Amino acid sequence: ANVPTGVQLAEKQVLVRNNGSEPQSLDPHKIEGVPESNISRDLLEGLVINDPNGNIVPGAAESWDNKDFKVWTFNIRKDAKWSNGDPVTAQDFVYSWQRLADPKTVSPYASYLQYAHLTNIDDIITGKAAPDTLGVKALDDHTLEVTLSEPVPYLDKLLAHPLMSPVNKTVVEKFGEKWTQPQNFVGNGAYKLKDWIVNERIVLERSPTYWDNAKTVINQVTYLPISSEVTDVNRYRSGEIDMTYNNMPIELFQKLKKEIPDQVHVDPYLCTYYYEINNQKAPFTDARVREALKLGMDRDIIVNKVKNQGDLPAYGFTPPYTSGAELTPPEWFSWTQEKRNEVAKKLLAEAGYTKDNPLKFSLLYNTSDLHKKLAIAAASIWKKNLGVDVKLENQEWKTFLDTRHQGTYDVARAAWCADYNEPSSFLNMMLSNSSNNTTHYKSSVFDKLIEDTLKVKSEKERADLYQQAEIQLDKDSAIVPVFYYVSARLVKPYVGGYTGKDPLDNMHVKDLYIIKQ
């Protein structure tokens, strides 16, 4: 942390942060959500990390270089250590990435290595080749060489993702599934696992072995699993919580802005809220049905009138303010909602749907005040505009995600957040074989366009290919874009270090600090 000279630090450096929900796990290769990533970042550190403003800086690796962006060499920090005193080595990373890729691990982020384009990853994921054939090796215990199948200029940004953090082989093989337990957990981040009570809390304490410990200020941080943004806020206002999760309840937003203006932070956030259509489940396999729901949704109402928290109506998947994105909204985005509703009903009609036989389906969302109110608004808008009937259904975060991967849903509320500030971080999730693809959209046409992005010889050609990719997504109406996020959260006045300038909002508790009174 960087305490600005002048400000006095409180005697008790303790922090309580809400984290949306009970995490899926603390193992980096078993996670996929923001709640997960939040805790993962304090406990484990990858080759490189994001600073308070989103810039990529040295993590486990002190320096690195690349040859043609195809071969990357990282010089592992000589003082990087695990919480148990063992050295963090190049082999640790070789072991970790091989585990991530291994189908036996069933990681929701196995494809991340495909996004990175490590050599032989495709055969490993399918099970045709052994994980040890992965293009990553330790030249020596402190030199890691990464070989890609093609040049990837943004590899450095990509590597900051939790999922690319190392795990301790000894510990993992020793306790297996029980390695993330408080008594067994070993990490290399700024904090270590003190305690974990399912549905109640997770406590992290300062890790003395962390190579940058001298700058760490907060000695203990507690992550709560409160999914009710209302309870969360009211459990910020009563003083029990220092930083709310970045999901504000519609019931209390305006009141909060009026009562505690300077504590309400709303900043650009690279994430997109959309309704995910199961592309392989019947009636939604029909592009006309999908397109109708896409056109029938009224973004102006749900975004600027129901939520009204600063978000931007979305016309595609990739946020246009993503670095390197050069997008423009599709034709239909320009029409009037009346016009769009006209087209949508025509499509539903020629698709065999009528007043006598309307489209009826379920809308699934993860338990939450916010998503519930948005889902009710969405069900309402589609009914009035398309005459379809939507039955709402909610599930807890962990089950919600599982359900989506299993494809046991019709329509689900969803949100994808960038892992790195580049368009492919979004578009790659739509690739037909991506372990992250919960929409089940499979298009060889879309896959080719993204694959070509790395065969380009100019960034302009790249930006152009991403646009074509977005066009292809829209053409097939794979999803129903709703809005590009703003990160809205409450931060106590005495909590310093939060800048709100990191587009990815990849905060590290090691950069925070408690101001005196």
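The first residue of the shown sequence is 1; numbering continues from there.
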(message) Going by the mean C-alpha B-factor recorded in the entry, which is higher: 454-462 or 57-65?
(response) 454-462
(request) Could you check which stretch, 2-10 or 508-516, carries the larger mean CA temperature factor in the entry? (result) 2-10
(request) Choose from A116, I121, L139, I277 the residue with the greatest Cα B-factor as stated in the PDB record. (result) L139
(message) For the CA B factor values reported in this entry, which option in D389, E291, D102, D419 has the top one?
(response) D389
(request) Would you mind ranking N385 by its C-alpha B-factor against the rest of the chain and naming the third, lowest, middle or highest? (result) highest
(request) Report the third (lowest, middle or highest) to which the CA temperature factor of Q181 belongs, ranking only the modelled residues of the same chain. (result) highest
(request) Divide the modelled residues of the chain into thirds by Cα B-factor and specify which third, lowest, middle or highest, holds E145. (result) lowest
(message) Looking at the temperature factor on the CA atom of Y95, which third of the chain's modelled residues does it land in?
(response) lowest
(request) Looking at the entry's B-factor column for C-alpha atoms only, identify whether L347 ranks in the lowest, middle or highest third of its chain. (result) highest
